[PDB]
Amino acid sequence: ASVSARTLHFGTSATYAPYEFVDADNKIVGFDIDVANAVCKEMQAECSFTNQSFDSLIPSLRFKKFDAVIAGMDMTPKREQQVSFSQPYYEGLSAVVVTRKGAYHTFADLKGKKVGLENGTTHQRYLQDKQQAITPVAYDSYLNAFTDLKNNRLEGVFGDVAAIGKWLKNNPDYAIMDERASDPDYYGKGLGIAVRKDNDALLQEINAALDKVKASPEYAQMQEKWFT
């Protein structure tokens, strides 16, 4: 007596092209969206997305506001204490600073300067722990961070290379800084889909679906589309 296909409710933060972002007609799109839709199709489910701040996603997941989270989210040990992750669906990569082109080369060069980043991220934890001479400025959206960079309120913005690279396409006055951050205490954990801790049946359905999606020519094409 069901009157619709099962619907899997995903939480995300659509501030982060090419992983997830909002297009011209206010629709959520990106690599993660294509992945989640493909997973839902394998599960014979419809997909629903809720867009909210990145730092609120794990808490809302735990509060049962949605079934799963996909948001370019590294499977860190800290997050693994709070949620259950799927198998990695994509690799965790190196973090970069974007600054005015030629203005900074290294983290040392940023001594005493303001660098914007997102609340709740690997990037925030890395800068706070390992680059204490730099002032981290927390935002609930990389979009506000970029605005503040362009208005000279910040000297840099620190995030995933794909996201920064994407932003740079429309901002040639800026450049990825030479020194990158790769510390494996912070970086290199794969991207995962998160579910609540006591939700193994759903998690294993998601894993079984990812096994299939990741073996598909379409999944190679998703990477080609979003990461080239």
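So that there is no doubt, residue numbering starts at 1 and follows the sequence shown.
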Going by the entry, of stretches 173 to 181 and 194 to 202 the one with greater average Cα B-factor is 194 to 202
Give the stretch, out of 84 to 92 and 117 to 125, with the larger mean C-alpha temperature factor in the deposited entry.
84 to 92
Could you check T99, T106, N152, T76 and tell me which one carries the biggest Cα B-factor in the deposited entry?
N152
Mind checking which third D211 falls in for C-alpha B-factor across the chain?
middle
Chain thirds by Cα B factor, record data; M43 belongs to the highest
Considering every modelled residue of the chain and its Cα B-factor in the PDB entry, is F63 in the lowest, middle or highest third?
highest
On the chain's distribution of Cα B-factors, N51 falls within the third called middle
CA B-factor placement of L110, once the chain's modelled residues are sorted into thirds:
lowest
